[PDB]
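Engineer: Line by line, the protein sequences give chains A, B, C, D, E and F.
Add 3 to the 1-based position in the first sequence for the numbering used here, that's all there is to it.
Add 491 to the 1-based position in the second sequence for the numbering used here, that's all there is to it.
Add 10 to the 1-based position in the third sequence for the numbering used here, that's all there is to it.
Add 425 to the 1-based position in the fourth sequence for the numbering used here, that's all there is to it.
Add 5 to the 1-based position in the fifth sequence for the numbering used here, that's all there is to it.
Add 36 to the 1-based position in the sixth sequence for the numbering used here, that's all there is to it.
Sending over a structure as structure tokens; questions will come in a sec.
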Amino acid sequence: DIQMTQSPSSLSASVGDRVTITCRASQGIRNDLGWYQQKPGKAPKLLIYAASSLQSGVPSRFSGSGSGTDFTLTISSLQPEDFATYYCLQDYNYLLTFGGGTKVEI
Amino acid sequence: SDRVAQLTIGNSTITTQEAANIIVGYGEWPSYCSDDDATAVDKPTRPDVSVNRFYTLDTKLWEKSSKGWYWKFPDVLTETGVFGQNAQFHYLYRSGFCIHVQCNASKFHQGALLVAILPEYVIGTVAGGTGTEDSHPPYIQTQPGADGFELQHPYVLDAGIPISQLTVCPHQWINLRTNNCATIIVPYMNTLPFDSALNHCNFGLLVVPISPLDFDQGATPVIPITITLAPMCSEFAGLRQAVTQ
Amino acid sequence: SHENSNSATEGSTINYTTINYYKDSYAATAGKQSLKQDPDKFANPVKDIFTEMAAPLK
Amino acid sequence: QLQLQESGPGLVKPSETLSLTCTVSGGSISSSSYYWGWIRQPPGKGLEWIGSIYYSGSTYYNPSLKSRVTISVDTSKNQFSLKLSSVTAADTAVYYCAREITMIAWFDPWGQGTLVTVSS
Amino acid sequence: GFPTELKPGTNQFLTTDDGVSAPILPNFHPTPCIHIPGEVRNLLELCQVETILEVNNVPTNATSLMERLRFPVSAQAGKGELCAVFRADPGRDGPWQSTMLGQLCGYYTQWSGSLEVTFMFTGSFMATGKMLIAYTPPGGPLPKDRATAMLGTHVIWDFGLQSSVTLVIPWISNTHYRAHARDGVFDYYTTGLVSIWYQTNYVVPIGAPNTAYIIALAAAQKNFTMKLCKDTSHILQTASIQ
Amino acid sequence: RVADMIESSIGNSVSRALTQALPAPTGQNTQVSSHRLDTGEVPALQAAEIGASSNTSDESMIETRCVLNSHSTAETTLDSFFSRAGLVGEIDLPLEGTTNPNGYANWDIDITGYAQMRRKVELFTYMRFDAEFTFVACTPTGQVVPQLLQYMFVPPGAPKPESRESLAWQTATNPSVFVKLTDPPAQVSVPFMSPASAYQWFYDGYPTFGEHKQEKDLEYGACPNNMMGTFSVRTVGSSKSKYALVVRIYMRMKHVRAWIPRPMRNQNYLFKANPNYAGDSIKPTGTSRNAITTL
Ligand SMILES: CCCCCCCCCCCCC/C=C/[C@H](O)[C@H](N)CO
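Here is the structure:
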């Protein structure tokens, strides 16, 4: 199984700052990556699919970039409501694997 | 009618079915030097059937992480056939070219491949990376013969200039979904009527995958790229003994 | 006009309009270069031309 | 709009047959452009997709769990169920059932989530 | 001799002055000019040649620089998803800096005429799909969704045997020429925004890659012109040449 | 009778031009266009693989009004883009130091010493032009002093001066210019002096035959047709000048003819007459944004 490595495993930022979290696979999926947010004790929420498509209802401050090996999720202005754990999910060869998960807290 | 083509020259013929149009670099066909342009007085040599023909140099493998390759013209032919012999025996050479790059794949393969002619393609080294070394490229890198050379920094074309603007020179694309070959006719481009085929490289052929090759496991993994080329209106003058460099 | 034609644009299938005060032509002014244009030499250097309306590949 | 709300026993001691049942409300399970996946999350750890079921019965299992799981779909009652055989201590977790679009890394909407602990 | 009066501006050295100078070599004739292919008479001939537009100017690592020459198109959820967006003003920092048109605009202050961006689909032959490529004139913000973008100028591209489409960005300006747009008051000269959306999904059969790439190539139309030549703020070397 | 020797019987030497230049004094006008609901004729679809640029126009993509465009194309000609004097040389004649300390200097002629003019001229492979050179002499502070300078153009093969007393400064045949620093700048016009039909900023080859070893790699790219001699400057006197001097040399082209446009330099220049670049500091052509979907 191709395993995705995320960076960093934790963060600490302020409101109104840009938070960048990277997730890079060993091999190339080239768009088969999505980004999910999860508040403590709640189900994951689909932020991004195809590594670039903003899910309807997700604020435009969330942005997915890149393709192939490395992918990037950026929050242009971190918000108090954006304290959560973010995962990257790859779906290659019809087998889906989640990332390590980064706990973004203010 | 416009996708099927046949290029016949000398004793050679190339047939293609999934092809684009033919590009005549700068809108001019190769021709012989006129009496007003010429300066050398000895009568030129025009073999015209034994040198003006298609030669197949060698084949590269297009992998999913290829940087791209380049060849130097007329350096690729300085050791192949009667043209190579003429270019070694004569001091002065002149000719245009018809380059034909071939790359075929299934309808389930994808990838794009820019094929460009860059006149006076000077190669620049990395200057030791930090930009302090007054380094110069070795002889093998400037004139790689018929094997070409694998590009190290395709984005700057190994010369500090952007590949994105390389489409300003005579070029075509090999788009595996549309065509499987590219044909470019280049006239003789030089500030002189003749010149040496051993010291001066008139232009460089570049083959750079702009869109990476892709396919699913189970399809053919080996996608070759074959370069073929025909000298045209070849002229040689200044007969002497043979020299290779 | 008994000044020798020494300019770097003598011939050139062009017609300049230069001012000169010497017998050497290359010492003249720049003049007005001809406003001709051959864009297809680079934009459309195809052996077989095709119209805008037609499908390029057939 | 679509909603998922699964049910299943909260206590499953080892070597039992852990079984869930996810029902779909406000929509049809018989849709040709959606799979139905099961996601497992150990307490305090990350997520781990288990397997997806197609309304025609086709399955895609996790290679780590291709033999110890069974995902079934009942189109009559708009439901799908997961059943785990030979449960161990490394099986307790919170489980979710999600709607999936293949080849896009899509999982939306999700369920409320059901947490099961392996204990006697 | 002949009475004369010297006026203001004598002894000055204007670099753009076009006058006669003293020749250093009397009776000198240059080497005759032979015919050379590819002569250029006007710079506009270069502006009407398509060059790759770096719409995907996200990556900057020295190894991922070539990924700027194309942007991805993938299977989506069939909800009119947004694919890419860029500004349409060629003299501005951004994608257009990758084109010969952009570099030449760097040397001129004011420009005019219609632009043209050709997108080439470099995916599999079995891959089908439809896109909506929309130009939004100035004033209108970046469209939030396909419905808002559809209200401006736009074309609907269908992937097929012809693997390229042309979006003609027409000259829609209040002024006859445009100075290069920039952040600040000079944003008054903005051209608008080019967006790309999914008209339908990107559809492939089994065994074809789920992701393809589009290569954008920009150029100028025939009503294009530039004026007020200047020095480029495009490269700005930061050292001396040894 | 041989048929094939008669069939050709002629070297055409025509260079059949697929295209010709037409007069384009102004950008083309726009014609009125209306809606077209048709089949078979689709001007919007192209084939970028053919290698040609799109022939699509405004009239076929939108419904356009008639615009009578009277915008001149005169300023984008070569004689408008290159006939601008820019700094190409800077020579120093100080009183103390290790550079040109003996009141004279030699400067081999080359446009590739400064980034601006170099990048402007690199746009083309070949150029043929007549130069106009202007010399602006002053002190490092820009002060104008009463000093007499001699500028001598020494073509290749002529004796270069080794001292300000050198007999080479007699200029029996070499062009020379005597200027007081209080006079206006010294301006001369130079013809096209290359042995070839045009200067070439890119010469993919070696000037000499033989084996090409690493110790001679610096000969790669050296075009003797571009080496037009040296410019030697001295303070006219048998005694050291009492003023520290700097001479800035500007050049504007005229009667310009260019061939083979090239991709424009997008990396910092490192050395003269080679495309060398820093491999560890390669940079994108333009600015970079955060995401392709956001501005
Ligand atoms: C009395 C002083 C006269 C000054 C003489 C200056 C002569 C200048 C030589 C002609 C102009 C050369 C233009 C550039 C040619 C070559 O490409 C460069 N040297 C190489 O980069």
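Quick reminder that beta carbons are idealized off the backbone N, C-alpha and C, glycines included.
1. Between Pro610(B) and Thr161(F), which are expected to be in contact by the criterion C-beta below 8 Å, what is the C-beta distance as a whole number of angstroms?
2. Kindly list, in the order they appear in chain F, the residues whose Cβ is closer than 7 Å to that of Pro722(B).
3. In whole angstroms, give me the CA-to-CA distance for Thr27(C) and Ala18(C).
4. So with CB distances below 7 Å, who are the chain C contacts of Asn512(B)?
5. Three-state secondary structure (DSSP) at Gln56(F)?
6. Short check: CB of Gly651(B) to CB of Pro176(F), under 9 Å?
7. Within 10 angstroms of the Cβ of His181(E), are there 16 or more other Cβ atoms? Answer buried if so, exposed if not.
8. Buried or exposed for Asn512(B), please, with buried defined as at least 16 other CB atoms from any protein chain shown within 10 angstroms of its CB.
9. Can you name the residues of chain A whose CB is closer than 9 Å to the CB of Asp516(D)?
10. Suppose contacts are defined by Cβ-Cβ distances below 9 Å. Is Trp553(B) in contact with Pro700(B) by that definition?
11. What is the DSSP secondary structure of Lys51(C), counted as helix, strand or coil?
12. Should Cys38(E) and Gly41(C) be called a contact, given that it needs their Cβ atoms to be closer than 9 Å?
13. For a cutoff of 9 Å on Cβ pairs, would you count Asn312(F) as touching chain A?
14. Can you tell me where the alpha helix (DSSP H) with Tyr187(F) in it begins and where it stops?
15. Under a Cβ-count criterion, where at least 16 other Cβ atoms within 10 Å of its own Cβ denotes burial, should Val283(F) be classed as buried or exposed?
16. Of all the beta strand (DSSP E) runs that stay within the bounds of the region 156–243 of chain F, which reach a length of 3 or more residues?
17. Can the beta-carbon of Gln663(B) be found closer than 9 Å to that of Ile514(B)?
18. Give me the DSSP bridge partner(s) of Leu730(B).
19. By the three-class DSSP mapping on this structure, what secondary structure does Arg154(F) have?
20. If we require 3 or more residues per run, which beta strand (DSSP E) segments fall completely within the region 38–119 of chain E?
21. Using a C-beta cutoff of 9 Å, does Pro467(D) count as contacting chain A?
22. Residues of chain C with a CB under 7 Å from the CB of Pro59(F): which are they?
23. Output, in sequence order along the chain, the residues in the region 67–84 of chain E whose CB is closer than 9 Å to any CB in chain D.
24. Using 9 Å as the limit for Cβ to Cβ distance, is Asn215(E) near chain D?
25. List the endpoints of the continuous beta strand (DSSP E) containing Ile631(B).
26. Please list the terminal residues of the continuous beta strand (DSSP E) segment that includes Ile608(B).
27. Can you name the start and end residues of the alpha helix (DSSP H) that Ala152(E) belongs to?
28. Listed from N- to C-terminal order along the chain, which residues in the region 13–34 of chain E have their beta-carbon within a distance smaller than 8 Å of any beta-carbon of chain C?
29. State the CB to CB distance for the pair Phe101(A) and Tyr90(A), rounded to an integer number of angstroms; the pair is presumed to be in contact (CB under 8 Å).
30. Applying a beta-carbon distance threshold of less than 7 Å, which residues of chain B neighbour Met155(E)?
31. Please look up how many angstroms separate the CB atoms of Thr55(F) and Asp48(C), rounded, as I've assumed it's under 8 Å.
32. Taking contact to mean at least 3 C-beta pairs separated by less than 8 Å, is the region 83–97 of chain E in contact with the region 173–189 of chain E?
33. Along chain E, which residues have their Cβ under 7 Å away from the Cβ of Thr92(F)?
34. Flag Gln656(B) as yes if its beta-carbon sits less than 9 Å from any beta-carbon of chain E, otherwise no.
35. Shorter than 9 Å from the beta carbon of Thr39(C) to some beta carbon of chain E?
36. Evaluate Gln601(B) with the Cβ neighbour count: other Cβ atoms within 10 Å of its Cβ, from every protein chain shown; 16 or more gives buried, anything less gives exposed.
Structural biologist: Let me lay it out:
1. Right, their Cβ atoms sit about 5 Å apart.
2. Going along chain F, no residue has its Cβ under 7 Å from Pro722(B), so there is no contact; the nearest lies around 16 Å.
3. For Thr27(C) and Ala18(C), the distance between alpha carbons rounds to 14 Å.
4. Neighbours of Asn512(B) on chain C, chain order: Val56, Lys57 and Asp58.
5. Coil.
6. No, these two residues do not count as a Cβ contact at 9 Å.
7. By the C-beta density criterion, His181(E) is exposed, having fewer than 16 other C-beta atoms within 10 angstroms.
8. Buried, by the Cβ-count rule.
9. For a Cβ distance threshold of 9 Å, nothing in chain A lies close to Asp516(D): the least Cβ distance comes to about 17 Å.
10. Judged by their CB atoms, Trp553(B) and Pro700(B) are nearer to each other than the 9 Å cut-off.
11. Note: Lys51(C) maps to helix in three-state DSSP.
12. No. Outside cutoff.
13. With respect to chain A, the C-beta atom of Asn312(F) has no partner C-beta closer than 9 Å.
14. For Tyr187(F), there is no enclosing alpha helix (DSSP H); the enclosing beta strand (DSSP E) covers residues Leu184 to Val190.
15. Burial state of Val283(F) is buried, judged by a 10 Å Cβ sphere holding 16 or more other Cβ atoms.
16. Runs of the beta strand (DSSP E) inside the region 156–243 of chain F: 160–174, 184–190, 212–216 and 222–226.
17. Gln663(B) places its beta carbon less than 9 Å from that of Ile514(B).
18. The secondary-structure analysis by DSSP pairs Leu730(B) across a beta bridge with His581(B).
19. DSSP places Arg154(F) within a helical segment (H, G or I) once states are collapsed to three.
20. The region 38–119 of chain E contains these whole beta strand (DSSP E) runs: 56–58, 76–79, 87–92 and 113–117.
21. Chain A, which has no Cβ nearer than 9 Å to the Cβ of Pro467(D), makes this no.
22. Under the 7 Å cutoff, chain C gives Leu45 and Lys46.
23. When CB distances to chain D are screened at a threshold of 9 Å, the residues of the region 67–84 of chain E falling below it are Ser79, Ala80, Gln81, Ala82 and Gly83, in chain order.
24. Yes, contact with chain D.
25. Going by DSSP, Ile631(B) is part of no beta strand (DSSP E) but of the alpha helix (DSSP H) stretching over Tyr630 to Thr633.
26. Judged by DSSP secondary structure, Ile608(B) falls within the beta strand (DSSP E) whose first and last residues are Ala603 to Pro610.
27. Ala152(E) -> alpha helix (DSSP H) spans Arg151 to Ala154.
28. Residues are counted here when their Cβ sits less than 8 Å from a Cβ of chain C; for the region 13–34 of chain E these are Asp23, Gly24, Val25, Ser26, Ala27, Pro28, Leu30, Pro31, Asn32, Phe33 and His34, given in chain order.
29. That belief holds up - the Cβ atoms of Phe101(A) and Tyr90(A) are roughly 5 Å apart, short of 8 Å.
30. Those within 7 Å of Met155(E) in chain B number zero; the least Cβ separation is about 28 Å.
31. The beta-carbon separation of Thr55(F) and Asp48(C), rounded to 5 Å, stays under the 8 Å limit for a contact.
32. Counting Cβ pairs under 8 Å, three or more are found: they touch.
33. Per Cβ cutoff of 7 Å: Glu121, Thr171 and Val173.
34. At least one chain E Cβ lies under 9 Å of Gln656(B).
35. Yes, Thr39(C) counts as interfacial toward chain E.
36. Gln601(B) comes out buried.
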